[PDB]
Amino acid sequence: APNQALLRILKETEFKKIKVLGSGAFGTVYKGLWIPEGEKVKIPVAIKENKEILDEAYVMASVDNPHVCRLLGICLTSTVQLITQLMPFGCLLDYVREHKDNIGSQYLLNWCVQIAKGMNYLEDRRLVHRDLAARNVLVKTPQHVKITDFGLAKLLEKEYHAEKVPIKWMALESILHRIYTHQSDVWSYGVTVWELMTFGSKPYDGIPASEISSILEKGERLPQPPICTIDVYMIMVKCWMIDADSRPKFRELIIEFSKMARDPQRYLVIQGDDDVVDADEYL
Ligand SMILES: C=CC(=O)Nc1cc(Nc2nccc(-c3cn(C)c4ccccc34)n2)c(OC)cc1N(C)CCN(C)C
């Protein structure tokens, strides 16, 4: 299947950087505005500022789904820059932490559906993410999230065999054999749902990563979050089945959470309950 995606090259003059959003091992992500040349539009963007950034560019350019991050372009300056759609509410892990008290069952179950859709689309592009986690989901709006961080992503050959790596989100086989598949991604989807259902708890809080492999071998798993009916917890547990072919398919995860999302309070129990254009409109 020849990959005929287009990689757009951007001139630096086409965009203003307005303020820093975060820094470190990553470089520094600014937020800004992209004004395409002779276009009377203005697109809000994240601008992340060598081989590693290009591999990510490659993967990101080759994807196109409403629940997976839009790569707008790259700029080839002294320092390379990835330009992507600005996701104004930030990473979902922090979002659930900083709004624990005003998140409803509807949002939770929808996020679950959307993350599955993003992942199923990646399964469709023979693409394995290898780093799904609440931290790597961005929030465009509370109604709409997208999967991100393709720094570990790999194209496909029914598995991938690697040479730190984020241990507590990892499938057993991956910990022990560095084998990664779409079913490895499902295990990670499991933990991601757990993060969301506990409003951003750290999994195996205060437990060394070394001892993780053995813990899972023995049979232990993440506890049932208080808001979760057994119906929902059962889905998490199925995602953590030692035998990868026993775990659900993203496809089926979309369906189960969809069903739950039509009667959210049965499945989750929570006391309470000018020339600007967004990138999704810029084709
Ligand atoms: C993990 C922190 C985070 O996401 N902060 C954040 C992000 C955005 N928007 C945004 N949009 C697209 C990509 C990114 C982004 C991607 N990466 C890798 C980042 C690293 C650090 C900071 C931001 C990013 N960020 C944003 O848009 C206005 C605002 C914020 N924060 C100021 C609000 C979140 N605050 C509650 C931490």
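For the sequence shown, the positions run 674 to 722, 732 to 838, 842 to 848, 851 to 960, 984 to 993 when mature numbering (1 follows the signal peptide of the UniProt record, and there is no 0) is used.
Just so it is clear, CB atoms sit at the ideal spot from N, CA and C, and this is done for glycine as well.
### Task
Using a threshold of 8 Å, state whether the C-beta atoms of residue 714 and residue 873 are closer than that.
As a first step, residue 714 must be located in the sequence shown, where it is residue number 41. As a first step, residue 873 must be located in the sequence shown, where it is residue number 186. Going by C-beta atoms, residue 714 is not nearer than 8 Å to residue 873.
### Message
Just to confirm my understanding: we take residue 766, look at its own chain, exclude 5 residues before and 5 after, and list those with CB closer than 7 Å. What are they?
### Response
Taking the sequence shown and counting its residues from 1, one reaches residue 766 at position 84. The answer, listed in chain order, is 718, 719, 751, 752, 753 and 754.
### Message
If contacts are defined as beta-carbon pairs under 8 Å, then residue 691 and residue 705 qualify, I think. What distance do you get, rounded to the angstrom?
### Response
Reading the sequence shown from its first residue, position 18 is the one you call residue 691. Reading the sequence shown from its first residue, position 32 is the one you call residue 705. Taking a contact as a CB-CB distance under 8 Å, the pair residue 691 and residue 705 counts as one, their CB atoms being some 5 Å apart.
### Query
Grouping DSSP H, G and I as helix and E and B as strand, with all else coil, what is residue 795?
For the purposes of this step, residue 795 is identified with residue 113 of the sequence shown, where counting begins at 1. Note: residue 795 maps to helix in three-state DSSP.
### Task
Indicate the three-state DSSP secondary structure (helix, strand or coil) for residue 692 in the structure shown.
Here the question's residue 692 lines up with position 19 in the sequence shown. In this structure, residue 692 counts as strand in the three-state DSSP scheme.
### Query
Is the distance from the Cβ of residue 790 to the Cβ of residue 883 below 8 Å?
Residue mapping note: residue 790 aligns to position 108 of the sequence shown, counting from 1. Residue mapping note: residue 883 aligns to position 196 of the sequence shown, counting from 1. Yes, they are a contact pair.
### Task
Just tell me which of 793, 925, 855 and 950 has its CA closest to the CA of residue 896.
For the purposes of this step, residue 896 is taken as the residue at position 209 of the sequence shown. When only C-alpha atoms are compared, the closest one is 855.
### Query
Do residue 886 and residue 785 come within 8 Å of each other at the CB atom, strictly closer than that value?
The sequence position of residue 785 within the sequence shown is 103, counting from 1. The sequence position of residue 886 within the sequence shown is 199, counting from 1. It is a contact, given that the beta carbons lie within the stated cut-off.
### Message
Please identify the residue among 805, 922, 915 and 769 whose C-alpha is closest to the C-alpha of residue 828.
### Response
Within the sequence shown, residue 828 is the residue found at index 146, counting from 1. Measuring from the Cα of residue 828, the nearest candidate turns out to be 769.
#### Entry: Same chain only: Cβ atoms within 6 Å of residue 762, ignoring 5 sequence neighbours per side
Start at 1 with the first residue of the sequence shown, and residue 762 comes out as number 80. So the qualifying residues of the chain are 735.
### Query
Taking buried to mean at least 16 other C-beta atoms within 10 Å of its own C-beta, is residue 953 buried or exposed?
Numbered from its first residue, the sequence shown carries residue 953 at position 266. By the 10 Å Cβ count, residue 953 comes out exposed.
### Message
Measuring alpha carbon to alpha carbon, tell me which residue in 960, 764, 867 and 684 is nearest residue 830.
### Response
As a first step, residue 830 must be located in the sequence shown, where it is residue number 148. Closest option to residue 830, Cα to Cα, is 764.
### Task
May I ask whether a heavy atom of ligand 1 can be found less than 7 Å away from the beta carbon of residue 757?
Position 75 of the sequence shown holds residue 757. No, since every heavy atom of ligand 1 falls outside the 7 Å radius drawn around the Cβ of residue 757.
### Query
Can you list, in chain order, the residues of its chain whose CB lies under 6 Å from that of residue 858, leaving out five sequence neighbours each side?
Reading the sequence shown from its first residue, position 171 is the one you call residue 858. Excluding residues within five positions, the ones whose Cβ falls inside 6 Å are 871 and 874.
### Task
Let me know the secondary structure DSSP gives residue 767 once reduced to three states.
Taking the first residue of the sequence shown as 1, we reach residue 767 at position 85. Correct three-state label for residue 767: strand.
### Task
Quickly, what does DSSP pair residue 719 with across the bridge? List them, please.
Position 46 of the sequence shown, counting from 1, holds the residue named residue 719. For residue 719, which the question treats as bridged, DSSP gives the partners 704 and 766.
### Query
Cβ of residue 769 versus every heavy atom of ligand 1: is any distance shorter than 7 Å?
The count along the sequence shown starts at 1 and reaches residue 769 at position 87. Yes.
### Query
Is the closest heavy atom of ligand 1 to the C-beta of residue 695 under 7 Å?
On the sequence shown, residue 695 is found 22 positions in, with the first residue counted as 1. Residue 695: yes, Cβ under 7 Å from ligand 1.
### Query
Quick one, which of 737, 742, 716 and 759 has its alpha-carbon nearest residue 722's?
Locating residue 722 in the sequence shown gives position 49, counting from the first residue. Comparing Cα-Cα distances from residue 722 to each of 737, 742, 716 and 759, the minimum goes to 759.
### Query
Is it buried or exposed for residue 699, if we count other Cβ within 10 angstroms and need 16 for buried?
Reading the sequence shown from its first residue, position 26 is the one you call residue 699. Taking a 10 Å sphere around the C-beta of residue 699, we find fewer than 16 other C-beta atoms and assign the residue as exposed.
#### Entry: The alpha helix (DSSP H) enclosing residue 942, as first and last residue numbers
In the sequence shown, counting from the first residue as 1, residue 942 sits at position 255. Residues 937-947.
### Query
Is residue 780 near ligand 1, going by C-beta to nearest heavy atom under 7 Å?
Here residue 780 refers to the residue found at position 98 when the sequence shown is read from its first residue. It does: the Cβ of residue 780 is within 7 Å (strictly closer) of some heavy atom of ligand 1.
### Query
Considering only C-alpha positions, which residue in the set 866, 709 and 825 is nearest to residue 788?
Counted from its first residue, the sequence shown places residue 788 at position 106. Here the closest residue by C-alpha is 825.
### Message
Taking the alpha-carbon of residue 919 as reference, which of 674, 942 and 930 has the nearest alpha-carbon?
### Response
Taking the first residue of the sequence shown as position 1, residue 919 is located at position 232. The option with the nearest alpha carbon to residue 919 is 942.
#### Entry: Limits of the alpha helix (DSSP H) - the one that residue 757 falls within
To locate residue 757, count along the sequence shown from 1; it is residue 75. Where residue 757 is concerned, there is no enclosing alpha helix (DSSP H), although the beta strand (DSSP E) it sits in stretches over 753-758.
### Whole-number beta carbon distance between residue 835 and residue 867, since they are thought to touch under 8 Å
Along the sequence shown, one-based indexing puts residue 867 at 180. Along the sequence shown, one-based indexing puts residue 835 at 153. Contact doesn't hold; Cβ gap of about 10 Å is too wide.
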